[PDB]
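K.L.:
Residue numbers (full-length UniProt numbering), protein chains in the order written: chain A, 364 to 509, 518 to 621; chain B, 55 to 63; chain C, 333 to 361.
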Amino acid sequence: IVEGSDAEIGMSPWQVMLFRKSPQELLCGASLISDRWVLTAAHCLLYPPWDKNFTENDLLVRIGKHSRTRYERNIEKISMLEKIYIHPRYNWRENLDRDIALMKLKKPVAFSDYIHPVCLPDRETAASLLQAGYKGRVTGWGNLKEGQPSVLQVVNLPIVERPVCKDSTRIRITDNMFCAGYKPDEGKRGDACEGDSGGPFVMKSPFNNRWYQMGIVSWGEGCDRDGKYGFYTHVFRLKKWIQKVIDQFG
Amino acid sequence: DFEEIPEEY
Amino acid sequence: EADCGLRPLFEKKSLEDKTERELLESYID
Ligand SMILES: Nc1nc2ccc(NC(=O)[C@@H]3CCCN3C(=O)[C@@H](CC3CCCCC3)NS(=O)(=O)Cc3ccccc3)cc2s1
Ligand code: NA
Ligand code: NA
């Protein structure tokens, strides 16, 4: 996260770190949506251009974390993966369209003050909150500039008008994406960066005061560049796929 | 860079 | 879960984090 700040303890209890077994390293961000399911970006697990194609046994899920590098004894819980599910129409060849994947855990994780699932939006929540100007929140242990942070970083960013998102890049933007971030003329800044991929873009509903994950950190050209914005997978648009996988394999 | 994690995982 | 999105150390105890108000203030419509 670029230009964000340290997260408060228990501020993002659904935050998940995707951890590579060997070499031991941070692979991506992710989120807890139930005691057995974790949501992330498909490119965190499959991206042929960079010869990335992880299988279940290559990684681990660390939940309830705050510190990036430390083993948080008595706080974080480490889970193994039972199965990975990538959207069948995830477009890694062109523009990361449908950048979403699910991971089922071998055993249920116990909730605590530091571990708690985030909600997934229904049609009305998405229609009501996914509006230009409305701010969401992005969290991650990714790079601070285009070294690494000591603890989870957080930044609030405004959703941007679709025409503006499109005119900021040469990449083909789809309805399964939305972008967020400040304009150069707005002064404030902030953006997700390398390592933040797969992390959640959340919003707190003013209707029922619950947090909903509206997006997944997907891509950006550089980090926090003026005139550029961060792009996120539109979670509601792909919820039918999410429900299908969980109904069938859950 | 990362502190080792218990071998059990 | 019927308890999704309610944080143990925040919503559950009726405590607000340092910047959530920024989000609420942006939901002007
Ligand atoms: N707001 C954000 N910025 C970034 C920049 C690095 C990482 N990027 C990533 O994890 C993903 C992995 C695949 C390469 N990648 C990316 O986001 C691609 C840009 C993609 C390519 C395919 C079609 C959509 C655009 N790489 S990325 O920006 O380093 C490429 C780059 C473009 C212009 C100038 C300098 C570097 C996350 C974020 S999130
Ligand atoms: Na992240
Ligand atoms: Na209400």
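C-beta: ideal position from N, C-alpha, C; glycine also.
#1: For ligand 2, is there a heavy atom less than 7 Å away from the beta-carbon of residue 512 of chain A?
#2: With H, G and I counted as helix, E and B as strand and the rest as coil, what does DSSP make of C/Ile-360?
#3: Give me, in chain order, the residues of the same chain whose beta-carbon lies closer than 6 Å to that of A/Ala-393; leave out the 5 immediate sequence neighbours on both sides.
#4: Could you pull the DSSP bridge partners for A/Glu-388 from this structure?
#5: Can you list, in chain order, the stretches of the beta strand (DSSP E) that have 3 or more residues and sit fully within the stretch 532-584 of chain A?
#6: What is the rounded straight-line gap between the Cα of residue 517 of chain A and the Cα of A/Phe-572?
#7: How far does the alpha helix (DSSP H) with A/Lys-611 in it reach, from first residue to last?
#8: Ordered along the chain, which non-local residues of its own chain (more than five positions away) have a Cβ less than 6 Å from that of A/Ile-438?
#9: I want to see whether chain B comes within less than 8 Å of A/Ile-441, judged by CB atoms only; does it?
#10: Is it right to say A/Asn-547 is buried, meaning 16 or more other beta carbons lie within 10 angstroms of its own, or is it exposed?
#11: For A/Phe-607, which residues of its own chain have a beta-carbon under 6 Å away from its beta-carbon, when the five flanking residues on both sides are left out?
#12: The alpha helix (DSSP H) spanning A/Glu-487 covers which residue range?
#13: Taking buried to mean at least 16 other C-beta atoms within 10 Å of its own C-beta, is C/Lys-350 buried or exposed?
#14: Using 8 Å as the threshold, is the C-beta distance between residue 517 of chain A and A/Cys-564 below it?
#15: Less than 8 Å between CB atoms is the rule here; does B/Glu-57 satisfy it with respect to chain A?
#16: Within 8 Å of any Cβ in chain C, is that where the Cβ of A/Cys-482 sits?
#17: Let me make sure I understand the geometry here. Which of A/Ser-491, A/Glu-388, A/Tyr-453 and A/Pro-411 has the alpha-carbon closest to that of A/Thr-604?
#18: Residues in its own chain within less than 6 Å of A/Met-443 by CB, not counting five upstream and five downstream?
P.N.:
Let's see:
#1: Between 509 and 518 in chain A the model has nothing, and residue 512 of chain A is one of the residues in that span.
#2: coil
#3: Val-379, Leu-381, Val-401, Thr-403 and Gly-569
#4: A/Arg-383
#5: 548-551 and 571-575
#6: Between 509 and 518 the numbering of chain A has a gap, and residue 517 of chain A falls inside it, with no coordinates.
#7: 610-620
#8: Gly-427 and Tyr-477
#9: yes
#10: With a threshold of 16 other beta carbon atoms within 10 Å, A/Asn-547 meets it and is buried.
#11: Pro-484 and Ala-489
#12: First-last of the alpha helix (DSSP H) with A/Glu-487: 486-492.
#13: C/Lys-350 comes out exposed.
#14: Residue 517 of chain A cannot be placed in this structure, since chain A goes from 509 to 518 without the numbers between.
#15: Yes, its Cβ sits closer than 8 Å to a Cβ of chain A.
#16: Yes - at least one Cβ of chain C is within 8 Å of the one on A/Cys-482.
#17: Out of A/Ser-491, A/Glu-388, A/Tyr-453 and A/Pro-411, A/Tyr-453 has the C-alpha closest to the C-alpha of A/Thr-604.
#18: Here the set comprises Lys-469.
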